[PDB]
Amino acid sequence: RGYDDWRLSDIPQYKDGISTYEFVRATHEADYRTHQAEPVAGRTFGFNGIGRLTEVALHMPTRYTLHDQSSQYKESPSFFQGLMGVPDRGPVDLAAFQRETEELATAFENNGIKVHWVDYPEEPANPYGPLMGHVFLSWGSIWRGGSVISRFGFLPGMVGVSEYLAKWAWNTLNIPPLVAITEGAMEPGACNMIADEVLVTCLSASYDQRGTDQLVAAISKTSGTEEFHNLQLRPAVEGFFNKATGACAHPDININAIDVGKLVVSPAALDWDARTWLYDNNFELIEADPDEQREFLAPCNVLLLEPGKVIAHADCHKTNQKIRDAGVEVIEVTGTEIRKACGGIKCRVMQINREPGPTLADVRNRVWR
Amino acid sequence: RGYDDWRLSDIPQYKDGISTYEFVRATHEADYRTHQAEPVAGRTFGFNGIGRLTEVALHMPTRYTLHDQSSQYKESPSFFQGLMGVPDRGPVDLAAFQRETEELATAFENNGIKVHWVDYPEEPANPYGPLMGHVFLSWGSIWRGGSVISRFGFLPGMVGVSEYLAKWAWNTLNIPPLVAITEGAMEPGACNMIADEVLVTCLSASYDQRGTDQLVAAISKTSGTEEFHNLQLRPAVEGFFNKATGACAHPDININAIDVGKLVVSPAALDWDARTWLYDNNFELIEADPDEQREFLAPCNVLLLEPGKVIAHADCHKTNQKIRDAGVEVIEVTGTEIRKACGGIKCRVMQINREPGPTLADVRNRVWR
Amino acid sequence: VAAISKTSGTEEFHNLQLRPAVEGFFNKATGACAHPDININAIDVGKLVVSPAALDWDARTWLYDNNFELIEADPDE
Ligand code: NA
Ligand code: NA
Ligand code: NA
């Protein structure tokens, strides 16, 4: 459209004969997401909900991506093994890690999902040491309304990284920032949603109440939904993972939607209040295999491509058969090397755009019991 | 520092023998501004307070910087004159506008202040028309903790512009975003501070309570101060300016600090509650000349370089003499072309860095009455 | 708690409430239990034996702030 072709009618709040007060008031009442954020970006964005995923980002590992090669890790493996708490399966193999990355990218491409690639500098470091955990791009997933700078609860190696990803999103995709978390802890990208307006968080090493309150207040305003619900799990774990039980600080390892009103869920996830809430709101629970969970094969860490279709770890044979039995298509992808650190396949995916999908009302209205 | 020289002692929360729980808790308790925002940026930043200004940005006008060249302005001058409410002083002259810009830059250089330059594209437009008001870079001033995306209450021509300035600050200076305002109206860069922890806002066309609450909550957490105060003026004005009275929607036209516990203030600014608050907190008021105020010569729009030294419009002879009588040095700078739109000299300056300066306690402790 | 607090013989009364992830009495996948007596117990003044499956973050914080020392039970046992 030509620079000299613009007219007052191109301003949505403008009307012939409108008073100053009325124009201003209409401006104050406009919706931020649809009036400002999306039009200025030139596109929709946000991974909220359980609708159709269209766009993601991955990181192709280099030798600097490997947590066990940080000089700080070398100084004290046991310090980082306490923070992470995941089973020791030996050193990360770079070549195999690269191969499973290619396989994940192909799964997306075979299903019509756009894949962007995020690179980091050589010898990447923040003020406190080498980057660590920066393969886990879910930590930079984009909300309706914009990107978030996180406060990491347990991993100093991620300082600077949510900044880098948000900046990448702005420069590469024109997606703006929504908020920085500035108190307590909050790692929103490791949260997930089980309906269009239902967020699952934890209280854990990765989330306190103050951080949660700040994040939820910001994303609720741009959620595109009338109401917003936060189901808060209360896992018994000290760091990231509890290898005695399968309990995890991140929702993405405890629970995930596989279809409308159907969740895959860890044995270690549901305290009584959470169970009651899910029951009352008509969610059907597919229980993950207990050994798969406890051994950190990440059977709940499935990525929903759309209701009824997920990407899952190829070696979660028992959980994946239960998911298929629930009428859901499973795309199996190798995820052996990724699980040597604090996450699985879903955890490594930055979700950029998901189309609007089924609501909590749709969950409540499904007749299945 | 070498990539392989990092040790655990480089992590501030680390200590020999610390448990996982204790390390995580120390991480949750760390201060965002000094642990994350500033170290990742590689520098301090923020214009908060009344200390020494060190760094600003200006825009050198082009033909597209002129509001009277927008096709929307041409379609209805009276619409925009209703929104703005400022006296008509005739057409902007590009070349003279450029000249007064160079004069302001020289004043900054003569006073030891670093000046960055912001350019816009040719034929710059947002989703709703040509940019308008984009010379006024105060709207992009940087807070302790980071940049802000604003919700403009009356000027659709600024949609997209606070985004552009924040992105510029991130790419050019490595300064991160703090928050996007997503409800109501809030134009924080046209606010000003009268002590290290005292923010002056208005309730007006440019600010509602919801927008104010969002902004104040965000900047208070990174203010670097134990307490934070918001003095809210209640000007009687419909749009930007009330040409019958001198009242303005923006604090920056109503009031400004000139020294520790000394303010220049418009006759039209102080409702009884605001006057009482200023009295109880020991602020001395220098009243701007009423004719200079009403004629929009912007006599309260002075830029504090440090306590006791301001830049002011060269033609505010009466107010400037009152400021000098109060023991403050005035640097007079031409600001004729800038005032044809909704702002004065201070309004066109993006403040990037101001050193920590006197506190509300310092104001309260000054003995002068 | 209202009933026993009035006859406790003590000026104050505190209830630490654990939130175990278990559907019935016992969770054989995790070691979590519906009963406190299987999750935690005092062994001396300010020293507790405690299950890996017992302590949510709020409970852990409360115990830490009140100076209780935790001996972790063997996870397989
Ligand atoms: Na719960
Ligand atoms: Na000032
Ligand atoms: Na508890």
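Letters A, B, ... mirror the listed sequences (proteins, then strands); counts begin at 1. Values reported hereafter were calculated over all heavy atoms of this structure, with side chains retained and with hydrogens, waters and symmetry mates removed.
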Check: [X] side chain, [Y] main-chain N or O, donor-acceptor pair, under 3.5 Å:
| X | Y | value |
| --- | --- | --- |
| A:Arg366 | A:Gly261 | yes |
| A:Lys346 | A:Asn301 | no |
| A:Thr319 | A:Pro299 | no |
| A:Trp368 | A:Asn282 | yes |
| A:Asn254 | A:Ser266 | no |
| B:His28 | A:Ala205 | yes |

Does a donor on one side chain and an acceptor on the other come within less than 3.5 Å for [X] and [Y]?
| X | Y | value |
| --- | --- | --- |
| C:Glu23 | C:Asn27 | no |
| A:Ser223 | A:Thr225 | yes |
| A:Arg354 | A:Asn48 | no |
| A:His59 | A:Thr65 | yes |
| A:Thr359 | A:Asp362 | yes |
| A:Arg348 | A:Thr101 | yes |

### Query
Do the side chains of A:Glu55 and A:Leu173 get nearer than 4.5 Å, heavy atoms only?
yes

#### Entry: Beyond-backbone contact of A:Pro156 with B:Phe23, side-chain heavy atoms, under 4.5 angstrom
yes

If you measure from the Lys or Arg side-chain nitrogens to the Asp or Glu carboxylate oxygens, is any gap between [X] and [Y] under 4.0 Å?
| X | Y | result |
| --- | --- | --- |
| A:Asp196 | A:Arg144 | yes |
| C:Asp56 | C:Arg19 | no |
| A:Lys322 | A:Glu292 | no |
| A:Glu295 | A:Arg339 | no |

### Task
Check the surroundings of atom CD in A:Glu355: do more than 12 heavy atoms from other residues, nucleotides or ligands lie under 6.0 Å from it?
yes

### Query
When the ring planes of A:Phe47 and A:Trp143 are compared, do they come out parallel, tilted or perpendicular, using 30° and 60° as the limits?
perpendicular

### Message
For A:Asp259, give me all partners under salt bridge (charged side-chain N to carboxylate O under 4.0 Å, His left out), at least two apart in sequence or on another chain.
### Response
none

### Message
According to side chain to side chain contact (heavy atoms under 4.5 Å, CB included), who are the partners of A:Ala195, at least two apart in sequence or on a separate chain?
### Response
A:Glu197, A:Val198, A:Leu360, A:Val363

For residues [X] and [Y], establish whether the separation of their ring centroids is below 6.0 Å.
| X | Y | result |
| --- | --- | --- |
| C:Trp57 | B:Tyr21 | yes |
| A:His67 | A:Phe80 | no |
| A:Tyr64 | A:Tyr120 | no |

